[PDB]
Structure formats: C-alpha cells, structure tokens
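What follows is the content of model-v7.cif, which has mmCIF, C-alpha atoms and all ligand atoms:
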data_work
#
loop_
_atom_site.label_atom_id
_atom_site.label_comp_id
_atom_site.auth_asym_id
_atom_site.auth_seq_id
_atom_site.Cartn_x
_atom_site.Cartn_y
_atom_site.Cartn_z
CA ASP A 28 29.96 51.73 9.12
CA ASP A 29 28.21 50.39 5.97
CA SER A 30 29.52 47.76 3.30
CA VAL A 31 27.02 44.82 3.64
CA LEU A 32 28.37 41.27 4.28
CA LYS A 33 25.74 38.52 4.40
CA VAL A 34 26.91 35.38 6.27
CA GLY A 35 24.96 32.07 6.51
CA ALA A 36 25.49 30.12 9.75
CA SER A 37 24.37 27.33 12.05
CA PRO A 38 22.26 28.78 14.96
CA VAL A 39 24.71 28.06 17.78
CA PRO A 40 27.46 28.91 18.30
CA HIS A 41 28.00 30.30 14.78
CA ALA A 42 25.12 32.75 14.37
CA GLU A 43 25.43 33.85 18.03
CA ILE A 44 29.19 34.54 17.40
CA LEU A 45 28.29 36.59 14.30
CA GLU A 46 25.63 38.61 16.14
CA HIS A 47 28.17 39.30 18.90
CA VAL A 48 30.79 40.76 16.55
CA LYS A 49 28.35 43.07 14.56
CA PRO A 50 29.33 46.21 16.56
CA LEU A 51 33.07 45.43 15.98
CA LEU A 52 32.53 44.97 12.23
CA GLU A 53 30.47 48.19 12.18
CA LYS A 54 33.59 50.02 13.48
CA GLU A 55 35.52 48.58 10.50
CA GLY A 56 32.84 49.88 8.07
CA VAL A 57 31.07 46.53 7.57
CA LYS A 58 27.34 45.87 8.11
CA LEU A 59 27.26 42.20 9.04
CA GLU A 60 23.99 40.36 8.30
CA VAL A 61 23.28 36.80 9.37
CA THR A 62 21.01 34.11 7.82
CA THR A 63 20.51 30.98 10.00
CA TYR A 64 20.37 27.45 8.47
CA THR A 65 19.37 24.25 10.32
CA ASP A 66 21.23 21.82 8.00
CA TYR A 67 24.56 21.19 6.29
CA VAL A 68 23.45 21.37 2.63
CA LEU A 69 21.53 24.65 2.24
CA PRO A 70 24.35 26.99 3.45
CA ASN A 71 26.53 25.73 0.60
CA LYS A 72 23.63 25.92 -1.92
CA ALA A 73 22.97 29.48 -0.69
CA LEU A 74 26.65 30.53 -1.11
CA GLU A 75 26.74 29.24 -4.67
CA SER A 76 23.43 30.93 -5.53
CA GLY A 77 24.38 34.25 -3.93
CA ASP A 78 21.64 34.24 -1.22
CA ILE A 79 24.65 34.78 1.09
CA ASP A 80 28.21 36.19 0.49
CA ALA A 81 29.93 33.76 2.92
CA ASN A 82 29.14 30.84 5.17
CA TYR A 83 30.24 29.77 8.62
CA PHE A 84 29.20 26.19 9.55
CA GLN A 85 31.63 23.55 8.14
CA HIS A 86 35.08 22.07 8.69
CA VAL A 87 37.63 21.44 5.89
CA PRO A 88 37.05 17.71 5.39
CA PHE A 89 33.30 18.37 4.98
CA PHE A 90 34.07 21.40 2.72
CA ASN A 91 36.32 19.26 0.42
CA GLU A 92 33.69 16.53 0.11
CA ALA A 93 30.99 19.12 -0.69
CA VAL A 94 33.23 20.78 -3.32
CA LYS A 95 34.02 17.47 -4.96
CA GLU A 96 30.42 16.18 -4.92
CA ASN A 97 28.77 19.40 -6.12
CA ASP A 98 31.47 21.12 -8.25
CA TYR A 99 31.24 24.15 -5.96
CA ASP A 100 33.78 26.85 -6.93
CA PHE A 101 34.52 27.95 -3.33
CA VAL A 102 37.57 28.78 -1.19
CA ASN A 103 38.45 28.54 2.50
CA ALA A 104 38.76 32.05 3.96
CA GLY A 105 40.13 30.78 7.31
CA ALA A 106 39.49 28.52 10.32
CA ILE A 107 37.74 30.17 13.27
CA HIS A 108 37.02 27.44 15.88
CA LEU A 109 36.91 23.74 16.84
CA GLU A 110 33.98 21.72 18.23
CA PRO A 111 35.36 18.53 19.89
CA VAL A 112 32.63 16.05 19.05
CA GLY A 113 30.98 13.77 21.61
CA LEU A 114 29.20 10.46 21.89
CA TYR A 115 26.03 10.75 24.05
CA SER A 116 23.72 8.20 25.75
CA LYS A 117 21.01 8.41 28.34
CA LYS A 118 21.32 4.67 29.20
CA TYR A 119 25.07 4.00 29.26
CA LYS A 120 27.31 6.49 31.14
CA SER A 121 30.67 5.11 29.95
CA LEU A 122 31.86 3.41 26.80
CA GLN A 123 33.11 0.43 28.89
CA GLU A 124 29.51 -0.28 30.09
CA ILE A 125 28.22 -0.67 26.50
CA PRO A 126 27.10 -4.27 25.81
CA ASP A 127 28.77 -6.32 23.12
CA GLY A 128 27.01 -5.99 19.78
CA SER A 129 25.52 -2.61 20.59
CA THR A 130 24.84 -0.19 17.73
CA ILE A 131 26.55 3.21 17.70
CA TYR A 132 24.57 5.82 15.74
CA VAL A 133 26.48 8.38 13.67
CA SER A 134 25.23 10.75 10.94
CA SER A 135 25.48 10.00 7.18
CA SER A 136 28.19 12.69 6.86
CA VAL A 137 31.21 10.57 5.90
CA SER A 138 33.77 13.20 6.81
CA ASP A 139 32.77 12.87 10.56
CA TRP A 140 33.22 9.06 10.51
CA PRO A 141 36.90 9.20 11.40
CA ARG A 142 36.00 11.17 14.54
CA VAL A 143 33.84 8.41 16.12
CA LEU A 144 36.56 5.94 15.03
CA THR A 145 39.30 8.06 16.81
CA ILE A 146 37.08 8.32 19.93
CA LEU A 147 36.61 4.50 20.06
CA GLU A 148 40.38 3.96 19.35
CA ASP A 149 41.36 6.40 22.18
CA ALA A 150 39.05 4.39 24.47
CA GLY A 151 40.82 1.17 23.46
CA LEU A 152 37.65 -0.42 21.91
CA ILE A 153 38.77 -0.52 18.27
CA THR A 154 41.90 -0.44 16.12
CA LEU A 155 42.13 0.44 12.37
CA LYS A 156 43.79 -1.89 9.84
CA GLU A 157 47.51 -1.62 9.06
CA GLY A 158 48.07 0.67 6.09
CA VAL A 159 44.67 2.31 6.35
CA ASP A 160 44.35 5.77 4.92
CA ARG A 161 43.39 7.45 8.26
CA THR A 162 42.41 10.70 6.51
CA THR A 163 39.34 9.00 4.89
CA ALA A 164 38.69 6.29 7.52
CA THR A 165 35.42 4.34 7.28
CA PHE A 166 33.87 1.45 9.24
CA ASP A 167 35.35 -1.02 6.80
CA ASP A 168 38.82 0.04 8.05
CA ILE A 169 38.21 -1.41 11.52
CA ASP A 170 40.55 -4.18 12.55
CA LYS A 171 40.12 -4.90 16.32
CA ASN A 172 36.52 -4.40 17.61
CA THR A 173 36.56 -5.64 21.23
CA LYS A 174 32.83 -5.15 21.91
CA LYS A 175 31.80 -6.15 18.33
CA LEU A 176 30.13 -2.80 17.93
CA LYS A 177 27.73 -2.19 15.09
CA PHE A 178 27.41 1.15 13.33
CA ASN A 179 24.30 2.87 11.93
CA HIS A 180 25.22 5.83 9.65
CA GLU A 181 21.86 6.39 7.90
CA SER A 182 20.50 9.53 9.60
CA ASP A 183 20.99 13.23 8.81
CA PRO A 184 23.18 15.28 11.11
CA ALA A 185 20.18 17.48 12.11
CA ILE A 186 18.30 14.47 13.59
CA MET A 187 21.08 13.01 15.80
CA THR A 188 19.70 14.82 18.86
CA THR A 189 16.33 13.12 18.21
CA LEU A 190 17.96 9.68 18.16
CA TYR A 191 19.65 10.53 21.47
CA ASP A 192 16.42 11.82 23.03
CA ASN A 193 14.45 8.71 21.82
CA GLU A 194 17.26 6.46 23.21
CA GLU A 195 17.94 4.74 19.87
CA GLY A 196 21.18 2.75 19.97
CA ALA A 197 23.67 2.47 22.84
CA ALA A 198 25.24 5.87 21.97
CA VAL A 199 24.87 8.69 19.42
CA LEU A 200 27.58 11.00 17.82
CA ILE A 201 26.10 14.55 17.85
CA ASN A 202 27.94 17.50 16.21
CA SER A 203 28.44 20.09 19.00
CA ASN A 204 26.54 22.86 17.19
CA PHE A 205 23.40 20.74 17.45
CA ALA A 206 24.20 19.37 20.93
CA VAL A 207 24.84 22.82 22.42
CA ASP A 208 21.68 24.25 20.86
CA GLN A 209 19.63 21.46 22.55
CA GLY A 210 21.22 22.26 25.95
CA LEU A 211 23.88 19.57 26.04
CA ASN A 212 27.38 20.50 27.32
CA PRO A 213 29.93 18.33 25.43
CA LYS A 214 32.56 18.62 28.19
CA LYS A 215 30.17 17.36 30.90
CA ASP A 216 27.34 15.40 29.20
CA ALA A 217 29.26 13.38 26.56
CA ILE A 218 30.28 9.80 27.58
CA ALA A 219 33.43 10.16 25.38
CA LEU A 220 34.83 13.25 23.68
CA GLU A 221 37.17 13.76 20.71
CA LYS A 222 40.60 14.76 21.96
CA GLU A 223 42.44 16.23 18.96
CA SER A 224 39.92 18.26 16.90
CA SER A 225 42.44 20.43 14.97
CA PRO A 226 41.63 19.07 11.49
CA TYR A 227 37.93 19.77 12.17
CA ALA A 228 38.20 23.58 12.61
CA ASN A 229 35.07 25.33 11.35
CA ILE A 230 35.77 27.85 8.58
CA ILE A 231 34.52 30.90 6.74
CA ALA A 232 33.92 29.83 3.12
CA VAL A 233 33.30 32.14 0.12
CA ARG A 234 33.00 31.85 -3.66
CA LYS A 235 36.37 31.79 -5.43
CA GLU A 236 35.85 35.23 -7.04
CA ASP A 237 35.66 36.71 -3.49
CA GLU A 238 38.90 35.00 -2.27
CA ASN A 239 40.59 38.38 -1.79
CA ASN A 240 37.54 40.25 -0.50
CA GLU A 241 38.78 42.75 2.10
CA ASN A 242 35.53 42.64 4.09
CA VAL A 243 35.74 38.88 4.47
CA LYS A 244 39.30 39.36 5.78
CA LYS A 245 38.08 41.99 8.29
CA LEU A 246 35.53 39.46 9.53
CA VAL A 247 38.07 36.68 9.91
CA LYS A 248 40.45 38.96 11.82
CA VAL A 249 37.65 40.18 14.19
CA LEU A 250 36.50 36.59 14.74
CA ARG A 251 40.08 35.59 15.74
CA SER A 252 40.79 38.71 17.87
CA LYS A 253 41.69 38.05 21.52
CA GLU A 254 38.58 39.80 22.99
CA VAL A 255 36.23 37.69 20.74
CA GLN A 256 38.10 34.40 21.38
CA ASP A 257 37.88 35.00 25.19
CA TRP A 258 34.13 35.70 24.89
CA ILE A 259 33.68 32.48 22.94
CA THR A 260 35.66 30.53 25.57
CA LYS A 261 33.62 32.02 28.43
CA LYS A 262 30.21 31.68 26.74
CA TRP A 263 30.29 27.91 26.08
CA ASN A 264 32.80 26.99 28.78
CA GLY A 265 35.38 25.44 26.51
CA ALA A 266 33.08 23.32 24.32
CA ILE A 267 33.77 25.78 21.46
CA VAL A 268 37.54 26.25 21.05
CA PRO A 269 38.78 29.32 19.16
CA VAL A 270 41.71 28.83 16.76
CA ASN A 271 44.19 31.34 15.27
CA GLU A 272 44.92 29.60 11.95
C1 LIG A 301 29.19 20.60 8.27
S1 LIG A 301 30.86 19.79 8.99
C2 LIG A 301 30.40 19.66 10.85
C3 LIG A 301 30.30 21.05 11.49
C4 LIG A 301 30.15 21.06 13.01
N1 LIG A 301 29.88 22.46 13.54
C5 LIG A 301 31.35 20.39 13.67
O1 LIG A 301 32.39 21.03 13.86
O2 LIG A 301 31.31 19.16 13.96
#
Will you turn the file into structure tokens for me?
Ligand code: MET
Amino acid sequence: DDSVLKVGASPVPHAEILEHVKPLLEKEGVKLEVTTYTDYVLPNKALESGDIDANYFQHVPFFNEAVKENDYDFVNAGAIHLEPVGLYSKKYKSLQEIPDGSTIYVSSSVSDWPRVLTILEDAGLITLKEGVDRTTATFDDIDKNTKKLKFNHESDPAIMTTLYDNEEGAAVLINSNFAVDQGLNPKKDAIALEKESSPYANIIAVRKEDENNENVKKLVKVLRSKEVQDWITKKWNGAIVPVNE
C-alpha cells in the first residue's frame, strides 16, 4: 500500500484523474500524491528540481520544445489522453460569421499554433504554403486567408479564458484543461473544435534516471485501464479522450 509517487498536474482533468485512481494505486502498493500547478512552466521546473517525481500536464510537441529550450533531461513515460482544442467566442457563434480582418487570439505556446491553423484549414478559411513543414507550422506558413484573419499570440495559456470572458478578439483558442475548469464544454461551447488530436496526447513525464521506474509504469497502466478510461469518458462527456498508447 505504501511506495510514495508525487505527481504534478493541471487542476482539471489531470489532478482530478489522479485523485480518482489513488485507491487503485494503493492496491498496487503505491501512495499517489498530487501537487496542482496553474501554468505550463512550473511543473517542468518542479520535475527537474525534484519537488515532484513525475508530471501530468503536457503533450509531446510541448514536451520536446521545453526539453530543447531548457536542457531538461526528461523522458516520456506514456500518453494518457487527448484534449481536442477549441476556439471560443461570446460574440460570433460560427467561424463563417467572423468579419474580415478579425483577430484570432491564441496563446504564446508555439507548439499549439498548428492546432488553430488545422481548425481554420478544416473550416476552409486558410491554406498553408506548398512545402510547409506542417509539424512546426506557424502563422508565416499561411497561404490562402479568405477572411484576412489576424493573429495575436502574445498571451500566456493561463489567461486565455480571461481574454474570452472580456470578449477580446473575434475568437480565442483555449486549451481544454483551462476551458473545462472554467465551466466550458468543448464539445458544445466551442465554435470550432480540433478534429484529429492524436499528436497532442497528454503524457506522464519523468526524469531520465526514472525511465524504468516500476511505480511510474503501474500508474500509467492504471490510468489506461478500461474502468478508468470509461470513468474519464463519462465524467467530461467526451471532451477528454483516453488513449491506449
Ligand atoms: C502544456 S501542452 C498543452 C496541454 C493541454 N492539456 C492540451 O492538451 O492542450
């Protein structure tokens, strides 16, 4: 019942998922402990410093950028779930209603930029240039822009819900962890939603020396088990999508 495993997480759904599985981990001889973080920097700082043994908040493209930028010696212990990202607006209820020259507000996190670009492409409002590296797409890669949309990417991910609430810009990209915590339902409230979120699975990350840690593996397996995945699916009504790999 008792090897300690300290995991840092976003409040919702991550920390709520972790709390939910504590009794299951206790049966596997692990005492799961959760530290909640409101941003996307401190959970990685905390993992490097040892304040936590693992984190659960980021997807692989974000992880790779963070590793490159900060020389973090971390590893990906496994994907757990997807959060199809939405564009939100109180004023405009469809992308097609957005006036020409409107500004779309997205966070400063460059690894989420391709996601707003794929949403606008799926909607038929933009195309990306021929021979663009789609893996690292930025606003400079836009070719067709039917509504001549402008993009503001200055704000932190944690303040995107504020921009939405204050009605800044025609629409706002909000990561689902933040949107759900503020009472938004991505599958009902978003004016446009990301369709293929597979590359943006949220992972368990650990320091490289703990790559083979058995307790981390127990956690990953419990988090992917059928009974936990069903609970996740029921709790947030499909906005949080469990993955098996
Ligand atoms: C820190 S990378 C973004 C994580 C967020 N929960 C998402 O899947 O969009």
If we count only C-alpha atoms and set the cut-off at 6 Å, which residues sit around range 99-113 of chain A, ignoring sequence neighbours fewer than 2 positions away in its own chain? Please answer as a compact mmCIF listing (two decimals) with C-alpha atoms, in the frame of the given file.
# COMPACT_ATOMS: atom_id res chain seq x y z
CA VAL A 94 33.23 20.78 -3.32
CA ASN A 97 28.77 19.40 -6.12
CA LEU A 200 27.58 11.00 17.82
CA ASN A 202 27.94 17.50 16.21
CA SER A 203 28.44 20.09 19.00
CA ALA A 217 29.26 13.38 26.56
CA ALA A 219 33.43 10.16 25.38
CA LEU A 220 34.83 13.25 23.68
CA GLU A 221 37.17 13.76 20.71
CA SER A 224 39.92 18.26 16.90
CA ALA A 228 38.20 23.58 12.61
CA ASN A 229 35.07 25.33 11.35
CA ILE A 230 35.77 27.85 8.58
CA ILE A 231 34.52 30.90 6.74
CA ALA A 232 33.92 29.83 3.12
CA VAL A 233 33.30 32.14 0.12
CA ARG A 234 33.00 31.85 -3.66
CA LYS A 235 36.37 31.79 -5.43
CA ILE A 267 33.77 25.78 21.46
CA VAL A 268 37.54 26.25 21.05
CA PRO A 269 38.78 29.32 19.16
CA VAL A 270 41.71 28.83 16.76
CA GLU A 272 44.92 29.60 11.95
query = Can you tell me, as number ranges by chain, what residues are no more than 9 Å from range 35-42 of chain A when counting all atoms listed in the file, ignoring any on the same chain fewer than 6 positions away?
reply = A: 60-67, 70-71, 73-74, 78-84, 203-205, 207-208, 259, 263, 267
Could the residues in this selection be saved with C-alpha atoms as a short mmCIF file (atom, residue, chain, number, x, y, z; two decimals), keeping the file's coordinate frame?
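Output saved as again-v5.cif:
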data_model
loop_
_atom_site.label_atom_id
_atom_site.label_comp_id
_atom_site.auth_asym_id
_atom_site.auth_seq_id
_atom_site.Cartn_x
_atom_site.Cartn_y
_atom_site.Cartn_z
CA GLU A 60 23.99 40.36 8.30
CA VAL A 61 23.28 36.80 9.37
CA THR A 62 21.01 34.11 7.82
CA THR A 63 20.51 30.98 10.00
CA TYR A 64 20.37 27.45 8.47
CA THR A 65 19.37 24.25 10.32
CA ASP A 66 21.23 21.82 8.00
CA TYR A 67 24.56 21.19 6.29
CA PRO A 70 24.35 26.99 3.45
CA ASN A 71 26.53 25.73 0.60
CA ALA A 73 22.97 29.48 -0.69
CA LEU A 74 26.65 30.53 -1.11
CA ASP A 78 21.64 34.24 -1.22
CA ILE A 79 24.65 34.78 1.09
CA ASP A 80 28.21 36.19 0.49
CA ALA A 81 29.93 33.76 2.92
CA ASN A 82 29.14 30.84 5.17
CA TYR A 83 30.24 29.77 8.62
CA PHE A 84 29.20 26.19 9.55
CA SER A 203 28.44 20.09 19.00
CA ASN A 204 26.54 22.86 17.19
CA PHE A 205 23.40 20.74 17.45
CA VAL A 207 24.84 22.82 22.42
CA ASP A 208 21.68 24.25 20.86
CA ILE A 259 33.68 32.48 22.94
CA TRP A 263 30.29 27.91 26.08
CA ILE A 267 33.77 25.78 21.46
#
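Taking CA of residue 127 in chain A and CA of residue 176 in chain A as endpoints, the distance between them is 6.4 Å.
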request  = Find the residue from A:130, A:225, A:76, A:212 that sits nearest to ligand LIG 301 (chain A); use all atoms listed in the file when measuring.
outcome  =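 When distances to ligand LIG 301 (chain A) are compared using all atoms listed in the file, the smallest one comes from A:225.
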ask   = Which of these residues is nearest to ligand LIG 301 (chain A), using all atoms listed in the file: A:148, A:92, A:43, A:170?
value =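 Of all the options, A:92 lies closest to ligand LIG 301 (chain A).
From CA of residue 238 in chain A back to CA of residue 28 in chain A, the distance works out to 22.1 Å.
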Assuming 5 Å of padding per side, give the centre and edge lengths of the axis-aligned box around every listed atom of range 120-130 of chain A, in Å to one decimal and as lines of an AutoDock Vina configuration file.
center_x = 29.0
center_y = 0.1
center_z = 24.4
size_x = 18.3
size_y = 22.8
size_z = 23.4
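Shown here are all protein and nucleic acid residues lying within 9 Å of (23.4, 50.4, 4.6), with only C-alpha atoms considered: residues 28, 29, 30, 31 and 58 of chain A.
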